[PDB]
Structures are given as C-alpha cells and as structure tokens.
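Participant: experimental coordinates follow, after the sequence.
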Amino acid sequence: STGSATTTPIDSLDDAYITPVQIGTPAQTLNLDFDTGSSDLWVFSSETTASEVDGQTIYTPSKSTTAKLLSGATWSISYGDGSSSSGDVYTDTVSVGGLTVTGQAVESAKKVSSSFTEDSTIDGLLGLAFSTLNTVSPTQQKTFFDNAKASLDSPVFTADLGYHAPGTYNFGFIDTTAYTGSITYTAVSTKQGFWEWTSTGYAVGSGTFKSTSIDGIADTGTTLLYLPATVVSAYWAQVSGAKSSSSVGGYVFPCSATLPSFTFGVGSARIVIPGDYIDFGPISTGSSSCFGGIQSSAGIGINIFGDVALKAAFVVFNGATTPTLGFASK
C-alpha cells in the first residue's frame, strides 16, 4: 500500500504545516502537525477542557463506531518549546492520504498548554519519530508509520515541504519526479529515538564550505534551524546589523537586509537554503527588526534541522531494519 497527502503551511511564515487525517468511522477529519521529532498521535477532542479549545476541530470518539477506549492508558508529553498536553487513549481507524491503519492509538487530550489553545489551525500532532519515544503508559504505543510499515510497498515516508506553499507527505514510495539529481543517503542513530544524523559541514552564502561534523535531528515539527553557536554566528556576521537579542530570544536582523543562503552537507552532497527561507518577519507587527530562521542550539542540547532546512530538500525517512535518511535537492 501507499499514501500521499498534501501538507499546507498554517500561516504566511511557514510556522508549521498541517496535513488532513481521517480518524474514526464515519471519518472525522482533523488537521494534524506531522512531527518527525515526536512519537505521539494526539488530538483535540470532546474530552479537552472546554476553556482550552479555541477554534480547533475536535475528535469525538463516542461518534466513531470503530473507537475503543484503551483501558487504563494515559499519556503526557512536553515538547522542546515548553508546550505540553496529556489525556487518555482510544484505538481507532486512522487514514492519511488513502493509507489506512486499524487499531491506531489516538491520544485524546484532556489538557493542552496555552500555545496549543492559541493556535486554532492545529488540531493535534502525528508523531513520526521512533516508537520508543511514545509516552503512553503503562503500554507504550506505536506510531502511525510503525503500524503501517509492514503493509507499505517500501518501508519509507518522504517529506517535501513547501516554501510559502503546500507540499507533500508520501508513505510507502519515493516519487522520483519530486526532486532533482540524486538522493544522498546518510546514517541514522536511533539511540535517542530521533531521526538523528551527522551533517558534513556548512557554507554561508557564496563562501567556502567548512567541513565539520554536525550531529542533529531531522524534525518536521520544529520551525527553525538550530545549530551550534559558532555556525550561527558565522552566518549572521554576513548580515549587516544582525545581532543576538537576549530580550527577543535570538538573532534578529534589519528587515531591509537581503539574507545570504546557507548550505549544509549531506555526505558529499550539498543542500542550499535560499536566504529568503531564513526570514521570519518582524518581531512584532510593524517592527523593522526581523526574526532569523537560523538560531543557536546552545541550551537545547541537540542541533535541530527543522523546517527551514528540510523544506529546501526532498527528504526520505527510510524505516528499514537499519534506518537511514536521504536528502535531494528539488
């Protein structure tokens, strides 16, 4: 089997991407944030504290003839940005882009943190990291991809995120028309439960490529590119007037600037992030200070190849017995 679904930016900055997901019978379609940095499929629901729901579409398990309470199971998750959610668990039929999994754990939120409530466009998350990170207790549950894998034509999914435009998540096949050149594959460590890999270096604009190993994770659920402070300083040094602002929370730059590109290495291959992808707009409405899309990972404890990096590539998440990642230009 295969599936293919369009993923759409939630706003004009590509802060996140939402993909429609069919849950239950009859289908209830919710728009979920596909997150290769986590492993829970959780949704706003009829059980979510009413004051914490503000415009999201909810899953109502009592209206699904295939929903079953997973007795005794609870979940609770905290994300790298400080947000969190928790609740109980149902199993139900879940379909993405025509690919159906029966008996998928659907984690129904009883509580969500304020950042989720305040984002009316995201109805929940669909985790695509390794199932070892799933938070359901006392019986850990499998991700949608883990459940689908054996049925897929090939045990892979691909992320093709758009810049200021929709893109595609495919399951079970590699669309050879969706990228240019060849896909370069690189080794993955699953020891932390992430799609963790090692970039071979970077360049700023038209500058020389610096060969250096940068361990990090491919994370579709993180907006920005978080790299070591040395790398980030080298980038922003090429933007007149850019500086790190402790009060804003990262590097800012004059909105009048033209940003240089940023290149990262995948083996001997190179992925070029155009400068425009690194502009996250005014820090507050009407400001002439703009927020940068490349930020330091110091204090996060891991480097993160988030959407800024991934949307410059066609990315293969190869879930074979020994997983690997592939990157192609597009």
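Facilitator: Nice, I can see it. Residues are numbered from 1 along each chain as shown.

Participant: for the rest of this, base every contact and every neighbour count on C-alpha atoms.
Facilitator: OK.

Participant: now do the helices in the protein.
Facilitator: Assigned by DSSP state H, the helices in the chain fall at 114-117, 144-148, 229-236, 307-310.

Participant: which residues touch the most centrally placed residue in the chain?
Facilitator: Compute the mean C-alpha point of the chain, and by C-alpha atoms, centre = their mean the closest residue is residue 220, 1.8 Å away. For residue 220, the contacting residues are 34-37, 306-307, 310, by C-alpha atoms under 8 Å, 6 or more residues apart in numbering.

Participant: phi first, then psi, for it.
Facilitator: When read as degrees, to the nearest 10, the backbone of residue 220 gives phi -70, psi -20.

Participant: wait, what's in contact with residue 216?
Facilitator: 196-199, 302-305.

Participant: identify the bridge partners of it.
Facilitator: Counting by DSSP bridges, residue 216 forms beta bridges with residue 197, residue 303.

Participant: any idea how far residue 284 is from it?
Facilitator: Separation of residue 216 from residue 284 (C-alpha to C-alpha, to the nearest Å) stands at 30 Å.

Participant: check residue 221 too.
Facilitator: As for residue 221, its distance to residue 284 is 23 Å (criterion: C-alpha to C-alpha).

Participant: what do you get for residue 299?
Facilitator: Distance, residue 299 to residue 284, using C-alpha to C-alpha: 25 Å.

Participant: okay, and the beta partners of residue 23?
Facilitator: Beta-bridge partners recorded for residue 23 (DSSP bridges): residue 28, residue 94.

Participant: wait, it touches residue 91, no?
Facilitator: No: the criterion here is C-alpha atoms under 8 Å, and residue 23 misses it with residue 91 at 9.9 Å.

Participant: ok, these two, which is more surrounded?
Facilitator: Neighbour count, other C-alpha atoms under 10 Å: between residue 23 and residue 91, residue 23 has more, with 28 against 20.

Participant: check the gap between that one and residue 232 for me.
Facilitator: Separation of residue 23 from residue 232 (C-alpha to C-alpha): 41 Å.

Participant: with residue 41 instead?
Facilitator: Taken as C-alpha to C-alpha, the spacing of residue 41 relative to residue 232 amounts to 33 Å.

Participant: of the two, who's got more company?
Facilitator: Neighbours were counted for residue 41 and for residue 232 using other C-alpha under 10 Å; residue 41 has more, 25 against 19.

Participant: domains in the protein, by residue range?
Facilitator: Here the domain parsing of the chain from curated CATH domains is 5-174, 175-330.

Participant: pick the most buried one from these.
Facilitator: Sort the domains of the chain by mean neighbour count, taking mean count of other C-alpha atoms under 10 Å, and domain 5-174 sits at the top with a mean of 20.

Participant: which residues does residue 33 contact?
Facilitator: The contact partners of residue 33, by C-alpha under 8 Å, 6+ apart, come to 16-19, 122-126, 221.

Participant: can you put the residues you listed in TSV and add distance to residue 167?
Facilitator: Output for the contacts of residue 33, formatted as TSV (distance: C-alpha to C-alpha, whole Å):
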residue	distance to residue 167
16	12
17	9
18	10
19	10
122	17
123	19
124	19
125	17
126	16
221	14
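
Participant: now, the most widely separated pair of the residues you listed?
Facilitator: Using C-alpha to C-alpha, the two most remote members of those are 123 and 221, lying 13.8 Å apart.

Participant: let's see stretch 154-173 as CSV, backbone CA atoms only.
Facilitator: The C-alpha trace of stretch 154-173 is given here as CSV (Å, rounded to 0.1, in the frame of the first residue of the first chain):
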residue,chain,number,x,y,z
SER,A,154,8.5,0.1,0.8
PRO,A,155,9.1,1.0,4.5
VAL,A,156,9.6,4.7,3.9
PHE,A,157,8.0,8.0,4.1
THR,A,158,9.0,11.3,2.5
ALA,A,159,8.7,14.9,3.5
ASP,A,160,8.5,17.5,0.7
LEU,A,161,7.7,20.7,2.5
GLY,A,162,7.0,23.9,0.5
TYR,A,163,8.4,27.4,0.9
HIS,A,164,5.3,29.6,1.3
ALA,A,165,3.4,26.9,-0.4
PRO,A,166,1.9,23.4,0.1
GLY,A,167,4.0,20.3,-0.1
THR,A,168,3.5,16.5,0.3
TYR,A,169,4.0,13.7,2.7
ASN,A,170,4.2,10.3,0.9
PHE,A,171,4.1,6.9,2.6
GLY,A,172,5.5,3.7,1.0
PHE,A,173,7.1,5.1,-2.1
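
Participant: what are the contacting residues of that stretch?
Facilitator: 1-9, 12-14, 97, 99, 145, 149, 152-153, 174, 178, 277, 307, 310-320.

Participant: apply 6 Å and report the result again.
Facilitator: Residues from elsewhere that reach stretch 154-173 (C-alpha atoms under 6 Å, 6 or more residues apart in numbering): 2-8, 149, 152-153, 311, 314-320.
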